[PDB]
Structure formats: structure tokens, C-alpha cells
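>
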Amino acid sequence: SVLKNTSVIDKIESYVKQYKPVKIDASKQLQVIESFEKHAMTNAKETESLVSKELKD
Amino acid sequence: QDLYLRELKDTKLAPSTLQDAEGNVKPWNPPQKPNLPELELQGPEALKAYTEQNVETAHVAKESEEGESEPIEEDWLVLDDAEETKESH
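As C-alpha cells, this is what we get:
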């Protein structure tokens, strides 16, 4: 309204609303996460079991 | 007042010629209607990003970077490297 003859505030708001999703998120971590978790968990479990066995020994 | 009324007349009907009537101005050669209304309306985008500011160039956000889901090669080397780093713990 402060721009009385903008003649583009309609167009600018149109582009703004139509650009509500410029793009999407990228949560592509769905098997890389699983593999990293598997490797880390197996290694850490081996470490913890080894530590407990060392404590017992 | 006559000096007020006459001033109002000469400053209104002539203001009509300048703005309130599309008669431009006879005293001034170039009309502002052929100068400001459209071309200088691009002056706003001349100071702005031309065909780009009102446009707001499409730039979709991209994906972040990751390991390409590669545990066949990166995992073993990572494990060996972390154990080597553990040698000075």
C-alpha cells in the first residue's frame, strides 16, 4: 500500500507465495546412516567387551 | 484574497496541466509522461537487479554433502586410521 503504483507488488507477492518451496530438504542419509551405525556399534561393542574382559583378567 | 485566489488559480489550472491533465507542459519541451512513467519506472529496477530483482532468480536449495553411502571402502580405512590415532592415546 505504501507503493501506490508499484504495479509489481501483486507480481512480487505472487512470486513470493509461488516460491514457498524454493527446494526441499535433503535427508538422503537412509543407508549411509545405517552402515555408519553398524560399523560404529560393532567396533564399540568389541571395544567394550574387550575392556570388560581386561578388567576381569 | 485576490492575491490568494489568483495564485490558487494560476497554480491549480497550471497544476492541472502539469499533473491533473495529460497536457504535459508547453513551457518545458520534454513531457515527463514519456520520460518517467515507463522508462524511469525501470529506474527502480535500474537501481535494483534488472529483470532479476522483481524476478527473484530461481535458486532452489541444494543437498548437503555426505560420504556417498560408501562403507565398503571408507569404513575400513577410517577404522585403521582411528586405531592408528589411538596408538598415542
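First to last, the sequence lines map onto chains 7 and 6. Numbers in the entry's author numbering are just positions in the first sequence, counted from 1, shifted up by 59. Numbers in the entry's author numbering are just positions in the second sequence, counted from 1, shifted up by 3. We put the CB at the ideal spot given by N, CA and C, even for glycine.
1. Residue range of the alpha helix (DSSP H) that residue 78 (chain 6) falls in?
2. Report yes or no: do three or more beta-carbon pairs, one from the stretch 73-91 of chain 7 and one from the stretch 75-83 of chain 6, lie closer than 8 Å?
3. Measuring alpha carbon to alpha carbon, tell me which of 46 (chain 6), 85 (chain 6) and 68 (chain 6) ends up nearest residue 65 (chain 7).
4. Is residue 85 (chain 7) near the ligand GTP, going by C-beta to nearest heavy atom under 8 Å?
5. Quick check: residue 85 (chain 7) and residue 67 (chain 6), are their CB atoms within less than 9 Å of each other?
6. Thinking residue 70 (chain 7) and residue 57 (chain 6) are a contact (beta carbons under 8 Å), I'd like their distance in whole angstroms, please.
7. Contact check, residue 72 (chain 6) vs residue 94 (chain 7) under 8 Å by CB: the rounded distance?
8. Under 9 Å between the Cβ atoms of residue 65 (chain 6) and residue 82 (chain 7)?
9. What would DSSP say about residue 99 (chain 7), mapped onto helix, strand or coil?
10. Is the CB of residue 108 (chain 7) under 9 Å away from at least one CB in chain 6?
11. For residue 21 (chain 6), which of helix, strand or coil comes out of DSSP?
12. What distance in whole Å lies between the Cβ atoms of residue 34 (chain 6) and residue 27 (chain 6), which are believed to be in contact at a cut-off of 8 Å?
13. Look at the Cβ atom of residue 29 (chain 6), then the Cβ atom of residue 20 (chain 6), and state whether they are nearer than 9 Å.
Inspection of the coordinates gives the following:
1. Per DSSP, the continuous alpha helix (DSSP H) segment holding residue 78 (chain 6) begins and ends at 77-88.
2. Cβ pair count under 8 Å is below three, so no.
3. Of the candidates 46 (chain 6), 85 (chain 6) and 68 (chain 6), the one whose C-alpha sits nearest the C-alpha of residue 65 (chain 7) is 46 (chain 6).
4. Looking for the ligand GTP in the displayed structure turns up nothing, as the structure carries no ligands at all.
5. Between residue 85 (chain 7) and residue 67 (chain 6), the CB-CB gap stays under 9 Å.
6. Contact flag correct, Cβ pair sits at about 7 Å.
7. Rounded to whole angstroms, the Cβ separation of residue 72 (chain 6) and residue 94 (chain 7) is 7 Å, and the two are in contact under 8 Å.
8. The beta carbons of residue 65 (chain 6) and residue 82 (chain 7) sit closer together than 9 Å.
9. Residue 99 (chain 7): helix per DSSP, three-state reduction.
10. Closer than 9 Å: no.
11. Per DSSP, reduced to three states, the secondary structure at residue 21 (chain 6) is helical.
12. With a Cβ gap of about 3 Å, residue 27 (chain 6) and residue 34 (chain 6) count as contacting.
13. Result yes, Cβ atoms of residue 29 (chain 6) and residue 20 (chain 6) sit closer than 9 Å.
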